[PDB]
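Participant: only geometry, no sequence info:
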RNA sequence: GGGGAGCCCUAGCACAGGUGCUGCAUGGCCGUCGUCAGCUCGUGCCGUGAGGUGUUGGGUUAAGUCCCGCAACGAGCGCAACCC
């Protein structure tokens, strides 16, 4: 594992669109692209996985955010393997603040599901049930893994801390351990637990993610196998 | 034999009456923009604050009707809908 498997298919990106201090996490900038100093990546993942396993053996939630299509599908499965609530399709500004309104979005959602199992296949209006199907399906679209997150999650996992600095900014505001990961695109300090590495490599996603997931699984026992991987990665 | 009320009258009397004026005193009714697609609240964010937000962005629809984006997630009177 570690720096070697990382020298297996992924590293640093960003072709000079770089925040200053993320390049303090930089060895060279050859052929245009900066090279992430995976040595300090080992340092980071040390402190990182220290907290990851901390909260894991304690059980205090981590809040998988994924937005870019790639990571997106990927994240869900890993999150669905981890047991942590996530961000599936579209990130919203009412989760990491209006948490209660969205708790009523979940109440609503589960009401819909609870009336899929009610004799509304009998009476009831048909226009009304068209409405039903619509808002049902889209409610699922946004709300999927987040669907089971009551009480605030005391860290996130999250991919690229820039979009998912819309996401960060939220968490960052609320005093919450932004574990979260990207390249020389985002700024350092804004991340709580700074993971320095390419997000543009779907394999980087795969590795960093599933490593962390199976990691908290180890801090809870049961280690199995990373399912989503090399197929979608390159097919 | 005298007086009470139903009662009509003559005088003073309290009084009534006005389709006399002011819609620049008005309710109400209604006409209108015009079936216009608008108007707006909760909570989160943005700004020192007024306030912005949503609802600013693109297709589409009879439509703020529906989908996408998005610092927002909704919700209400209208829209629709139930009445004919």
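Facilitator: On my side now, so go ahead. Residues are numbered from 1 along each chain as shown, chains lettered A, B, ... in the order given.
Participant: could you tell me which residues of chain A lie near RNA strand B?
Facilitator: Contact residues of chain A with respect to RNA strand B, defined by C-beta under 7 Å from any atom of the strand, are listed as A:89-94, A:96-98, A:100-102, A:104-105, A:127, A:134-135, A:138, A:141, A:166, A:169-170, A:173. In this view, the C-beta of every residue, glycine as well, is placed from N, C-alpha and C.
Participant: buried ones among these?
Facilitator: Of all the residues of chain A next to RNA strand B considered here, the ones buried according to neighbour count by 16 or more other C-beta atoms under 10 Å are A:89, A:91-92, A:96, A:102, A:105, A:169-170.
Participant: and the furthest pair within these?
Facilitator: Of all pairs drawn from those, the widest gap by C-beta to C-beta lies between A:105 and A:169 and measures 21.0 Å.
Participant: need the helices for chain A, in chain order.
Facilitator: A:2-9, A:38-58, A:69-82, A:99-116, A:126-142, A:166-173, A:202-218, A:230-234 (DSSP state H).
Participant: in JSON lines: these, plus distance to residue A:193.
Facilitator: Conversion of the helices of chain A to JSON lines gives the following (distance: least, C-beta to C-beta, whole Å):
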{"stretch": "helix A:2-9", "distance to residue A:193": "17"}
{"stretch": "helix A:38-58", "distance to residue A:193": "5"}
{"stretch": "helix A:69-82", "distance to residue A:193": "16"}
{"stretch": "helix A:99-116", "distance to residue A:193": "22"}
{"stretch": "helix A:126-142", "distance to residue A:193": "26"}
{"stretch": "helix A:166-173", "distance to residue A:193": "11"}
{"stretch": "helix A:202-218", "distance to residue A:193": "11"}
{"stretch": "helix A:230-234", "distance to residue A:193": "25"}
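Participant: select, out of those, the one closest to residue A:154.
Facilitator: If you check each of the helices of chain A against residue A:154 by C-beta to C-beta, helix A:38-58 wins as the nearest, at 6.6 Å.
Participant: residues contacting the closest one, please?
Facilitator: For helix A:38-58, the external contacting residues (C-beta atoms under 8 Å, 6 or more residues apart in numbering) are A:2-3, A:6-7, A:11, A:25, A:27, A:61-62, A:154-155, A:177, A:179, A:193-197, A:212, A:215-216, A:218-220.
Participant: look up how far residue A:135 lies from the residue of chain A positioned farthest from its centre.
Facilitator: Of all residues in chain A, the one whose C-alpha sits farthest from the chain's mean C-alpha position, using C-alpha atoms, centre = their mean, is residue A:123 at 42.2 Å. When distance is defined by C-beta to C-beta, to the nearest Å, residue A:123 is 20 Å away from residue A:135.
Participant: count the neighbours of residue A:226 for me.
Facilitator: 16 (other C-beta atoms under 10 Å).
Participant: show me what contacts the closest residue to it other than its chain neighbours?
Facilitator: Once its chain neighbours are removed from consideration, residue A:226 has its nearest residue in residue A:210; the separation is 3.9 Å (C-beta to C-beta, 6 or more residues apart in numbering). When the contact criterion is C-beta under 8 Å, 6+ apart, the partners of residue A:210 are A:78, A:81, A:226, A:228-229.
Participant: buried subset of these, written for PyMOL?
Facilitator: With 16+ other C-beta under 10 Å as the burial test, the buried ones among the contacts of residue A:210 are selected in PyMOL as follows:
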select buried, chain A and resi 78+81+226+228+229
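Participant: any idea which of the contacts of residue A:210 is the one closest to residue A:35?
Facilitator: Taking the contacts of residue A:210 together and measuring to residue A:35 by C-beta to C-beta, the closest member is residue A:229, at 24.6 Å.
Participant: could you find the closest non-adjacent residue to the closest one?
Facilitator: Going by C-beta to C-beta, 6+ apart, residue A:229 has residue A:206 as its nearest residue, at 5.3 Å.
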